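The chain below stands alone and is given as structure tokens, in the form deposited in one PDB entry.
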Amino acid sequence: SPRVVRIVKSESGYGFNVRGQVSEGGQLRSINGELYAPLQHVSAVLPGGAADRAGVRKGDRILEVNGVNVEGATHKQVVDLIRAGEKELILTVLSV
């Protein structure tokens, strides 16, 4: 089930990669048996980085960034949301 993680930026960044579609919307796909529009996901986690320490894992699907729903979102929208804060990031993720 979805869970909320808070991550505080190191000067190297949050320590993860986000991967997903360029466009908006698109075909539905179930994640852990629940139906969603396309979700961006965590494609890498830096060992010992901020995201790793906060409990983010490879493959986590991103449902919200900083309180904003990103189901079906463009990659740009998700990256821009990740960059909204000077140093803090709150994600709602679904581990697979």
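By rigid core we mean the largest C-alpha set that fits within 1.5 Å across both forms. One-based numbering along the sequence shown.
This next part talks about the form deposited in another entry, which is not shown.
So, superposing on the core, is the move of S43 at the CA at least 2 angstroms between this form and the one not shown?
For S43, whose C-alpha is compared between this form and the one not shown after core superposition, the shift is less than 2 Å.
Given a core-based superposition, decide whether the C-alpha of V68 shifts by 2 Å or more between this form and the one not shown.
No, because once the rigid core is superposed, the C-alpha of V68 moves less than 2 Å between this form and the one not shown.
Could you check, with the core superposed, whether the Cα atom of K58 shifts 2 Å or more between this form and the one not shown?
No, the C-alpha moves less than 2 Å.
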